[PDB]
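FYI, it's all coordinate maths here, none of it is from the lab. All Cβ positions, even for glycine, are placed from backbone atoms using ideal geometry, and neighbour counts span all protein chains on display.
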Amino acid sequence: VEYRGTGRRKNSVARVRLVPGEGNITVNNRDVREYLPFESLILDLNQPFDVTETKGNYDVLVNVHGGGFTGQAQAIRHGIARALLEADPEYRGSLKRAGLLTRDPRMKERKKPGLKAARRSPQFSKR
Amino acid sequence: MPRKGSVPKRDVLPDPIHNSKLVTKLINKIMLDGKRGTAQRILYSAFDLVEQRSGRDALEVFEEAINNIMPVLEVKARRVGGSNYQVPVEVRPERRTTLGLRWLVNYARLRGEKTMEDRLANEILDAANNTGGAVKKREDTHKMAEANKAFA
Amino acid sequence: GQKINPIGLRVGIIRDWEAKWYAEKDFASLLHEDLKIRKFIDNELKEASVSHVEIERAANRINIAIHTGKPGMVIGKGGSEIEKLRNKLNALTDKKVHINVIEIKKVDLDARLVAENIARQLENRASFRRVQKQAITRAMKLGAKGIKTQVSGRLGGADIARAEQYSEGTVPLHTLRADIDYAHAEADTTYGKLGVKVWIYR
Amino acid sequence: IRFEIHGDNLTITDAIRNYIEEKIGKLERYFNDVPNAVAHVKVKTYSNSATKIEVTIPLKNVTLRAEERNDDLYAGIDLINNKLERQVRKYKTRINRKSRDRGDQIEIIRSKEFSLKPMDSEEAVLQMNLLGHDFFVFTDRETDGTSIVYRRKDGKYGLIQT
Amino acid sequence: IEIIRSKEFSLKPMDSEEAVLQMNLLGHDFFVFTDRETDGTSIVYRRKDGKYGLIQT
Amino acid sequence: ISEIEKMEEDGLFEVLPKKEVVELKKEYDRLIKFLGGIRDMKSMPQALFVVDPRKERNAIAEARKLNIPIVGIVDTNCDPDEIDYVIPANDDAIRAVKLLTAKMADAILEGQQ
RNA sequence: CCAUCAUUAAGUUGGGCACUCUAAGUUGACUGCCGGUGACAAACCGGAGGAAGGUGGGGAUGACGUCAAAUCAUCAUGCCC
């Protein structure tokens, strides 16, 4: 059993799979606490399968790609959310109402020319 | 759009340790220059000294300390010209939450010790014991807005 | 305001290229051979009702397509001047093979012709407002939809320059569907240079 | 109250550099009682007609522009300082109207009048529908009495005679 | 055909407050009376608003 | 209106955007709102029949400039000077209209044959 | 680009795994769809429907015109030298 979902946020793609077992993540073939830096946002990263209560059910073992640590995280909780709707397909409203299953809504904004960087206009003296 | 109407205020994510929204909002205000981890580690080492110098867990102590910080009257200036132009106005509940967090951090940065390991926790136990520096400017607002009470 | 030229929006969006070759290595020098023979074709033809040219290059057989609102004048008398052009065009570059020419109907609805033939109605110095109105009234008479044209500097012979435009018809300069064609000529009147723009549509 | 002076094709002297600050400078120093600003003086010669003088003094809210197209660069500033002194008084009396004496501190039944008129009951139904009104009061054409056609809670019509 | 049932009433002088009282004591949405002080025929009615309206005829 | 209803009974209707379908139909009803009775009329009239010169004073002012003869229902608060062919009748009642505007509508039918 | 095969120095090699990913040619979001009491007058307000929701985010595009605004040193040319 391999329920393989994908997930994107902030220029960082994250594809997951779901092998049965218990809750244990193997992001880039290594431990999460030695890969994700400070362990705070991991309990916010466990929010999507919290509402389906499949804690001791699924090992995931993500292969992540690109971005940063808050771009790799917040993309595997969106990663397994596309995979949780092929594990519990009737539980789509439990994830739609609370968070995870929305999107990659927003990335960095374009630097316009004639300007310092990304909508921050430069200082002028004489008003 | 602050003249089409009001801006839609957005949701935050509560802390994992204390399971509190109020802790994460304290993380974001002590987050100087976008550094999330290097400021969150300091708060996670600025309530252990709280729980060392008092037996109670700090999630009780935090919401007990900020109640000696959060004022109930403030001053909004109305352009009346030659009048006092300082109307004592009560505080909305959203600004009631925020402005206590502001005074708690802005006077934690002006103590004798250098580490915010114990710059923060000293002012919390002062605010837990209704004393210190962030408490005494609430009384300064309660000696300013409560002195010009002719504009209720 | 600062209206940019209407072709520049649409090059590739709703139009195509006046040069359609490719060269990865040595892109620079054989790009100069284009505007060598964009100056040179504009030298000896000297308003032979030429609207614009196209250049395509492939395997040292480099093509040149000219439109020539008066066709046959570049050809000559049964392939005379078209062969008299390749006697110099094949010397300024190496090959210049397969020089040819196609024809266009509606000789003065292409905007390169419309700007040019009334700019040459200014060296004789006669009634610039009618020189405007000759172009507008004839435009949708011949089958156009929207017409717009102006003359900018030393207007009428005076000192202070004044723009003077005349318009009717749908000229959607901001709509990206529109096949707007403009042109700019350099009509001298021996008291400066008059500038004249046009805008045709369909 | 500096003077970034610069002349288009005119060499600036030093006799101008004392005549400016006495008139452009000092007569606006006692205006704007908290001053920190920079002036700008252009002198643009035109060989065909004359010179011109442009003096721009920006401030907190409203700037101060004036122009003279004279050729005398000493008599023209006698008119620039005249236009400058007028514009400051416009600015100050705009903001010196602070002195304004401002001292701080049942069921209504709307009547709709109608004039009673004689008609058929069918006519009263027609006119009542043309307004969507649930009540129409008229004098009956044949009976002569005051009649009220109304729409019941039934949705059917009822007729009252008063 | 449509039959409109007539309810005959005899017009009487009273206060507007009295007309409200009597109209409520029947639950009627319309009460027509002659105004005590103005002398004119008045119709107190309940609007689609639920509020009262007063018409003078 | 002789063209826009022809425009959607044939093709050139599937390729259009679904909101341009709306304004081509939002134009379509608003034509037959005002010009619905002038659907098949292509020339000037030779007589005009008005129910009220007060509320329809814009029509009567155009009638007297074209020298078109005019007939109309007038009453109190109506000027009979601009009407050449005067019908004094009531105007704020339906049967006063309908049992009087029908015979004038009937007046042309036995003028045909 | 390597879940399932391993001889992983990782050759990401053998097969091709082509599946996901990525890289490019196209289907789709508009007040289409409901409810308000809100009366029809469009909107607004609150839902659901999709990943996306109210010109989605951003770019390009700058009306008539104002300033004898700025370049005769990118060029081009009237006049003067």
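Structural remarks
- Over 25 Å apart at the Cα level, from the set C:39/C:96; C:39/C:88; C:36/C:106; B:136/D:98, are C:36/C:106; B:136/D:98.
- Whichever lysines have a C-alpha closer than 17 Å to that of residue D:26, once near sequence neighbours (fewer than 8 apart) are set aside: D:83
- The mean count of C-beta atoms from other chains within 10 Å of the C-beta of residues in A:33-46, rounded to a whole number, is 3.
- Each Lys or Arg adds one and each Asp or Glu subtracts one; over the other residues with Cβ under 13 Å from the Cβ of residue B:84, this totals +4.
- Charge context of residue E:2, other residues only, Cβ under 15 angstrom, K/R +1, D/E -1: 0
- What separates the Cα centres of the stretch F:77-113 and the stretch C:164-178 is a distance of 53 Å.
- Rounded FRET efficiency, nearest 0.05, which uses the C-beta distance separating residue F:99 from residue E:34 and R0 of 25 Å: 0.10
- Database remark: amide H of residue C:148 closer than 5 angstrom to the amide H of C:199 (H placed geometrically; neighbours at sequence offset of 5 or more, or on other chains; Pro and chain starts carry no H).
- Computed [θ] at 222 nm, helices only, for chain A once each DSSP H run of length n ≥ 4 contributes -39500 (n - 2.57): -3000 deg cm²/dmol
- A simple rule links phi to the HN-Hα coupling: the Karplus curve 6.51 cos²θ - 1.76 cosθ + 1.60 with θ = phi - 60°, which for the stretch C:95-101 gives 8, 6, 6, 6, 4, 8, 7 Hz, with x for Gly and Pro.
- Counted over the protein assembly as shown, the DSSP beta bridges are approximately 70% antiparallel.
- Gaussian network model of chain B, springs between alpha carbon atoms under 10 Å - residue of B:79, B:36, B:138 with greatest fluctuation: B:79
- Nonlocal amide H pairs with residue D:135, under 5 Å, H built at 1.01 Å: D:151
- Bridgeable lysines around residue F:65 (alpha carbons under 30 Å apart, same-chain partners fewer than 8 residues away excluded): F:33, F:42, F:55, F:98, F:103.
- The alpha carbon radius of gyration of the protein assembly as shown, expressed as a multiple of 2.2 N^0.38 Å, is 1.57.
- Candidates F:22, F:50, F:86, ranked by Gaussian network fluctuation over chain F, Cα under 10 Å, top entry: F:22
- GNM flexibility winner over chain A from A:66, A:23, A:114 (Cα, springs under 10 Å): A:114
- Structure-based [θ]222 nm, chain C - -39500 (n - 2.57) summed over DSSP H runs of at least 4, per residue, nearest 500: -8000 deg cm²/dmol
- A simple rule links phi to the HN-Hα coupling: the Karplus curve 6.51 cos²θ - 1.76 cosθ + 1.60 with θ = phi - 60°, which for the stretch C:134-146 gives 4, 7, 6, 5, 6, 5, 6, 5, 7, x, 7, 10, x Hz, with x for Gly and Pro.
- Label-reachable residues, the stretch C:85-109, where backbone N falls under 11 Å from a point 7 Å from residue C:134's Cα toward its Cβ: none
- Rounded to 0.05, the FRET efficiency of the residue D:74 and residue C:160 pair, given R0 = 25 Å and the Cβ-Cβ distance, is 0.20.
- Peptide D:129-142 - average C-beta neighbours from other chains (10 Å radius): 2
- Close amide H partners of residue C:182, meaning residues 5 or more places away or on another chain with modelled amide H under 5 Å apart, are C:7.
- Total formal charge among the other residues, if their Cβ is under 10 angstrom from that of residue F:68, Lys/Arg +1 and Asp/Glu -1: 0
- Between the stretch C:1-79 and the stretch A:76-127, the alpha-carbon center distance in angstrom: 47 Å
- Per-residue [θ]222 nm for chain F (sum of -39500 (n - 2.57) over DSSP H runs n ≥ 4, rounded to 500): -12000 deg cm²/dmol
- Whole-angstrom gap from the stretch C:101-121 to the stretch F:1-41, using each part's C-alpha centre: 40 Å
- Cβ-Cβ FRET estimate between residue F:22 and residue A:53, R0 fixed at 45 Å, reported to 0.05: 0.40
- Applying a threshold of 26 Å to the alpha-carbon distances of C:133/C:193; C:84/C:193; A:126/D:92; A:108/C:20 flags C:84/C:193; A:108/C:20 as lying beyond it.
- Antiparallel beta bridges, as assigned by DSSP with both residues in the stretch D:1-97, represent about 60 percent of the total such bridges.
- Per residue of D:107-119, other chain Cβ atoms within 10 Å of the residue Cβ number 5 on average.
- Listed by chain and number, the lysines placed with their C-alpha closer than 25 angstrom to that of residue B:143 are B:76; residues fewer than eight positions away on the same chain are left out.
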